[PDB]
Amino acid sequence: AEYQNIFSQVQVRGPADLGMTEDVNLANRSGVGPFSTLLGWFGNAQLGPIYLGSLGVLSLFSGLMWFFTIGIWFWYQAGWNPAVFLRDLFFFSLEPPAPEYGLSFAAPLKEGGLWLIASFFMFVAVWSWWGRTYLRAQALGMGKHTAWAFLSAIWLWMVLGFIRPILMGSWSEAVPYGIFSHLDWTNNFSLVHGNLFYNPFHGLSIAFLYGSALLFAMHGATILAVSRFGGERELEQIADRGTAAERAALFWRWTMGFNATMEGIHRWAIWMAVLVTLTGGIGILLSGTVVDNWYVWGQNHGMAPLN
């Protein structure tokens, strides 16, 4: 059997890597974490350092508060009983205000108010985390592609929890915090809008979700296949094309008639992934606000403009 480069055969370690400085405030970086030999079979062995800073602390605090607001409500539903907590863990749910409260913050803590609080903390955690993806790239002199890609995930999240509820006129439209209950919410959303698979933006979102597994399987396999020529050193292959980048391009040219470059494959990548949630957010934003029933819509805009 030939070696396949799925796991490393030999690990090496050197002095802890404190990373590039550039314009980073080094006062806000932790020390390095431990080294994990386990992780080192597959990826890097080193943990940390991590960048703390004020936004970081804010984001973590806010995120933990979201998590604890849900978890505290769960304990309450468990009657403070640890065994009931674990038994029914997936069944508890922190639900939004009932329709009657509309968009007001007037609902009682136990009947929506607590959901609003948890949501508020989630809003701050996510947006401040977004700031952090921008700021960490900026400090290093890098492009802002991560922040732009993250914004696409944020779009579906905002649509689900904030924009669609506001446009529908009530917090009751939003998603509950629970394992099984968010799943029931999803099933129900589709039933009530006449079957989401008639929503063209849902079918697109799924083409991109599958395409995104198709594409990462293609790319990850290609890079490993040419790692014997240093193919995973992608930045240098971009600056100075090597036999790795040529054999990768020609595998695909010979297979399917066209190919990418070492840089441009990463653009197919970024867009295949971001379009999942871009088209997704649109498809659900339209659901209920402008289209009540996708089956009915499809009977009028799919068979009727075939004219």
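So that there is no doubt, residue numbering starts at 1 and follows the sequence shown.
Chemist: Would you tell me which stretch averages the higher CA B-factor in the PDB entry, 238-246 or 51-59?
Modeler: If you average the C-alpha B-factors of 238-246 and of 51-59, the larger mean comes out for 51-59.
Chemist: Between 140-148 and 84-92, which has the higher average C-alpha B-factor in the PDB entry?
Modeler: Mean B over CA atoms: larger for 84-92.
Chemist: Which has the highest CA B-factor per the PDB entry: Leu135, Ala98, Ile163, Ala153?
Modeler: That would be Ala98, according to the entry.
Chemist: Compare the CA B factors listed in the entry for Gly131, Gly178, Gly231, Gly169 and report the winner.
Modeler: Reading the PDB entry, the winner on C-alpha B-factor is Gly169.
Chemist: Rank-wise, by C-alpha B-factor, drop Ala106 into the lowest, middle or highest third of its chain.
Modeler: Highest third of the chain for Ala106's C-alpha B-factor.
Chemist: Sorting the chain's modelled residues by C-alpha B-factor, tell me whether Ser227 ends up in the lowest, middle or highest third.
Modeler: Its C-alpha B-factor belongs to the lowest third of this chain's values.
Chemist: Compare the C-alpha B factor of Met218 with those of the other modelled residues in its chain, then answer lowest, middle or highest third.
Modeler: Tercile = lowest for this residue's CA B-factor.
Chemist: Where does the C-alpha B-factor of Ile72 rank in its chain, lowest, middle or highest third?
Modeler: For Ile72, whose C-alpha B-factor we compare with every modelled residue in the chain, the answer is the highest third.
Chemist: Please say which third, lowest, middle or highest, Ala78 falls into when its CA temperature factor is compared across its chain.
Modeler: Highest third - that is where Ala78 ends up once the chain's C-alpha B-factors are sorted.
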